[PDB]
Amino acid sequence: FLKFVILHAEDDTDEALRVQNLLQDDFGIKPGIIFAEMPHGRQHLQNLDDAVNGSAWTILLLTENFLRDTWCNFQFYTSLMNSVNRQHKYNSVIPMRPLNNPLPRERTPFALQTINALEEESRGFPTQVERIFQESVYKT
């Protein structure tokens, strides 16, 4: 049971590695994995479920590639899960804008605008990260 899984469009795998290294090395949040490192071959629809159920948090690397390639599948997955069980996924979902090619706010889909995102450009980001990944939340 990992702490975080970074969902990321295939073309952003370099940024997903960088954010993983940032969280693991600079903030000590371990262990963590990137969606690209997940069992390959395994169908996308499912290994999404394996990823989201496999970690205490899931991080959305918000980019225009992510919006084009991966958002609709995840919104459909989460909304379907939320419609059939009480473990409503978004309480564990963290949208993040990275330093490189972030998805603008005015292009972020409204469902994710309901969540206080993580902005890597913000000087509050270290404090936000500390708030989210506090160890007392890592339960079950």
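We number the residues from 1 along the sequence you see.
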Check your understanding: What stretch has the higher average Cα B-factor here, 33 to 41 or 107 to 115?
Key -> 33 to 41
Check your understanding: Do the CA atoms of 62 to 70 or those of 82 to 90 have the higher mean B-factor in the entry?
Key -> 82 to 90
Point to revise | Record-listed C-alpha B factor of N100: chain third | key: middle
Check your understanding: Can you tell me which third, lowest, middle or highest, the CA B-factor of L7 falls into for its chain?
Key -> lowest
